[PDB]
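Visitor: Can you keep this structure in mind? I'll have questions shortly.
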Ligand SMILES: [Zn+2]
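Residue numbers (the numbering used here), protein chains in the order written: chain G, 343 to 529; chain Y, 67 to 237; chain L, 11 to 58; chain C, 201 to 239.
And the structure:
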């Protein structure tokens, strides 16, 4: 268990994940194998909230879960749960959150362009340059929706796009340092 | 029943003494005289002394005379901070704010003096649990970033599809 | 469900919400499901 | 059990999205074997 893997896990979990979950990952770090009931006792949190967090953790398979059955002295049926962190699974899952973060941003901008520029207040809906020019009549001499009978301005569309472009640059700067840590891991 | 509520009354009297502020430990017989426990049998008192007084964590024994432990409860905000740090190091967990309040006067002012170093979490019973902050590592998370995080779900992603995505992206 | 996922609501909340969504969709497709409750119209008359 | 699926080998709930992704991974040629026209 080289210290580099532990450092990667600690840095990623502490910087780009939730504090309440990091609390449980701390127990996972402390001990490789822990009872689920012992994890509860260490966590000191309500069963319902813990089970919600555990369902999220099960979905993301951050920590692998196994089921063990043994016979108690009393003889009553007992169900025992074991959760333990797996580095190989964790590395891919984390990298995966990271990677799809970018696909989202690319889709957002693909959508910004997808939106139509023409928009008409009386109509209250977006209009394709196609529909606008067809609605236009050569005899009248001005383009204008046939239906609403008011001029169309495209300036309103420009504003939100500019705002999003600024956000993307900030995201790149904030996500810039974790990549070096990832590189140290691949080392 | 017999010989249980009397012990409870003694322990409550000890809390009343501590709201009084008399740090000096007191004799059990004198406590009985103050609490009108003379009527009770002596043997029950002896059993209490031998077993229950030692079992009670709040109670302490000094020079053959029994009284609370002035060390157990918090007395100064700096010691509260140090205790929180030690608890974080050893994985003890946070301490109940009601107990800290009855322990320390003006505990709320103590927390205000802590400020950022101390993290308080609400509880359905209104009890406040306190956790020391980590000085070594400090990180900032922005709400938009947390949202961009939140949408994406690996649970949708199937494990084989995971290793496949890495292999596809040529690394 | 969209708002719950947006807020990162409890996993059990989302699970029960998805269960109810599945129930509603399956009931709309067919209201005569085997061994499942019938969706009334707030008046005791099963929906068609 | 009613309108929900359980996969037991231990035993876990099978959400619709898992089956959706598995079916997407399935190839067109396998559809002919399964007697379902892919197009
Ligand atoms: Zn118009």
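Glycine included, each C-beta is placed from N, C-alpha and C at the ideal position.
#1: Just grab the DSSP bridge partners of residue 69 of chain Y for me.
#2: Given the structure, does residue 468 of chain G come close to ligand 1, in the sense that its CB is under 8 Å from one of the ligand's heavy atoms?
#3: Look at the alpha carbon of residue 199 of chain Y and the alpha carbon of residue 497 of chain G, and state the distance between them as a whole number of angstroms.
#4: Below 8 Å on the Cβ atoms is my contact criterion, and I expect residue 434 of chain G with residue 229 of chain Y to pass it. Report the Cβ-Cβ distance as a whole number of Å.
#5: Any heavy atom of ligand 1 inside 8 Å of the beta-carbon of residue 492 of chain G?
#6: To be precise: take each residue of the segment 211-228 of chain Y, compare its Cβ to all Cβ atoms of chain B, and keep it if any distance is under 9 Å. Which residues remain?
#7: Using the Cα positions of residue 354 of chain G and residue 436 of chain G, report the straight-line distance between them to the nearest angstrom.
#8: Look at the alpha carbon of residue 391 of chain G and the alpha carbon of residue 160 of chain Y, and state the distance between them as a whole number of angstroms.
#9: In chain order, what residues of the same chain lie with their CB nearer than 7 Å to the CB of residue 114 of chain Y, ignoring the 5 residues before and after it?
#10: Can you list the residues of chain L that residue 398 of chain G reaches, using a CB-CB cut of under 8 Å?
#11: To which residues does DSSP link residue 133 of chain Y through a beta bridge?
#12: List the whole-angstrom C-beta distance separating residue 458 of chain G from residue 468 of chain G, where the pair is believed to meet the contact cut-off of C-beta under 8 Å.
#13: Assess contact between the segment 382-398 of chain G and the segment 356-366 of chain G, defined as three or more Cβ pairs (one per stretch) separated by less than 8 Å. Is contact present?
#14: Since residue 462 of chain G is in the beta strand (DSSP E), which residue starts that stretch and which ends it?
#15: When DSSP builds the beta bridges, which residues end up paired with residue 468 of chain G?
#16: Counting pairs of Cβ atoms below 8 Å between the segment 179-186 of chain Y and the segment 211-218 of chain Y, do you hit three or more?
#17: Could you name the residues of the same chain whose beta carbon sits closer than 8 Å to that of residue 523 of chain G, not counting the 5 residues immediately before and after it, in chain order?
#18: Is residue 207 of chain Y close to ligand 1? I mean its beta-carbon at under 8 Å from any heavy atom of the ligand.
#19: Tell me the DSSP secondary structure of residue 57 of chain L in three-state form.
#20: Enumerate in chain order the residues of its own chain whose CB-to-CB distance from residue 163 of chain Y is below 8 Å, with the five nearest sequence positions on each side excluded.
#21: By DSSP, does residue 205 of chain C sit in helix, in strand, or in coil?
#22: Say whether the segment 86-96 of chain Y touches the segment 121-136 of chain Y, bearing in mind that this needs 3 or more beta-carbon pairs closer than 8 Å, one atom from each stretch.
#23: Exposed or buried, residue 415 of chain G, counting other C-beta atoms within 10 Å across all chains shown (16 or more means buried)?
#24: Does the segment 438-445 of chain G touch the segment 409-423 of chain G, meaning 3 or more C-beta pairs lie closer than 8 Å?
#25: Measuring alpha carbon to alpha carbon, tell me which of Y:122, Y:119, Y:183 ends up nearest residue 148 of chain Y.
#26: Please give the ranges of any alpha helix (DSSP H) in the segment 368-429 of chain G, keeping only runs that are unbroken, at least 4 residues long and fully inside the region.
#27: Name, please, each residue of chain G whose Cβ falls closer than 9 Å to the Cβ of residue 159 of chain Y.
#28: If you compare alpha carbons, which of Y:235, Y:206, Y:227 is closest to residue 517 of chain G?
#29: What is the rounded straight-line gap between the Cα of residue 378 of chain G and the Cα of residue 444 of chain G?
#30: Spatial neighbours of residue 489 of chain G within its chain, please: C-beta separation below 7 Å, excluding the five flanking residues on both sides.
#31: Quick one: is residue 393 of chain G near chain L, going by C-beta distance under 9 Å?
#32: Is any beta-carbon of chain G found at less than 9 Å from that of residue 195 of chain Y?
#33: Here's a check: name, in chain order, each residue in its chain whose Cβ is nearer than 7 Å to the Cβ of residue 16 of chain Y, leaving out the five neighbours to either side.
#34: Relative to ligand 1, is the shortest distance from any of its heavy atoms to the C-beta of residue 489 of chain G smaller than 8 Å?
#35: Please report how far the alpha carbon of residue 539 of chain G lies from the alpha carbon of residue 526 of chain G, in whole angstroms.
#36: With distance defined between alpha-carbon atoms, name the residue in G:451, G:481, G:369 nearest to residue 503 of chain G.
Guide: On the basis of the coordinates in this document:
#1: Answer by DSSP bridge pairing: none, since residue 69 of chain Y is not bridged.
#2: no
#3: 49 Å
#4: 7 Å
#5: yes
#6: Among the chains of the structure shown, chain B does not appear; the protein chains present are G, Y, L and C.
#7: 8 Å
#8: 17 Å
#9: 73
#10: 21
#11: Y:126
#12: 4 Å
#13: yes
#14: 460-462
#15: G:461
#16: no
#17: 349, 350, 353, 354
#18: no
#19: coil
#20: 173, 186, 193, 194, 195, 196
#21: strand
#22: yes
#23: exposed
#24: no
#25: Y:183
#26: 378-385, 389-402
#27: 384, 385, 386
#28: Y:206
#29: 35 Å
#30: 465
#31: yes
#32: yes
#33: Here chain Y covers residues 67 to 237 and nothing more, so residue 16 of chain Y does not appear.
#34: yes
#35: No answer is possible for residue 539 of chain G: the residues shown for chain G start at 343 and end at 529.
#36: G:451
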